[PDB]
Protein chains: 8
Amino acid sequence: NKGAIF
Amino acid sequence: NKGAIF
Amino acid sequence: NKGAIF
Amino acid sequence: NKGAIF
Amino acid sequence: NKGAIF
Amino acid sequence: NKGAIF
Amino acid sequence: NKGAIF
Amino acid sequence: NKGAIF
């Protein structure tokens, strides 16, 4: 799993 | 902003 | 911003 | 798993 | 089981 | 089991 | 500007 | 500017 929060 | 990836 | 990836 | 928060 | 609360 | 709370 | 590539 | 690549 991969994610970005920005 | 807030997030979850799983 | 806050996030979790797992 | 990989993630970025910024 | 997996979960996120935010 | 895996989880995040934030 | 902000971005994520993954 | 801010970014993540992964």
Side-chain angles (χ1 to χ4, degrees):
Chain A
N1 304 322
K2 311 181 74 180
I5 298 78
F6 56 103
Chain B
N1 304 322
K2 311 181 74 180
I5 298 78
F6 56 103
Chain C
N1 304 322
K2 311 181 74 180
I5 298 78
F6 56 103
Chain D
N1 304 322
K2 311 181 74 180
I5 298 78
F6 56 103
Chain E
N1 304 322
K2 311 181 74 180
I5 298 78
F6 56 103
Chain F
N1 304 322
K2 311 181 74 180
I5 298 78
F6 56 103
Chain G
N1 304 322
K2 311 181 74 180
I5 298 78
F6 56 103
Chain H
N1 304 322
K2 311 181 74 180
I5 298 78
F6 56 103

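We use all heavy atoms of the structure for the numbers below, so side chains are in, but hydrogens, waters and symmetry mates are not. In what follows, chains carry the letters A, B, and so on, assigned in the order in which the sequence lines appear, proteins first and then strands, with residues in each chain numbered from 1.
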Given a cutoff of under 4.5 Å between side-chain heavy atoms of I, L, V, M, F, W and Y, with clusters grown through shared members, what are the other residues clustered with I5(G)?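 Listed partners: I5(H).
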Share the residues that join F6(C) in a hydrophobic cluster, the rule being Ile, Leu, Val, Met, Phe, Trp or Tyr side chains under 4.5 Å apart at the heavy-atom level.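 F6(B), all in the cluster of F6(C).
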Considering only heavy atoms from C-beta outward, does the side chain of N1(A) approach that of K2(E) to under 4.5 Å?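 Sidechains of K2(E) and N1(A): in contact.
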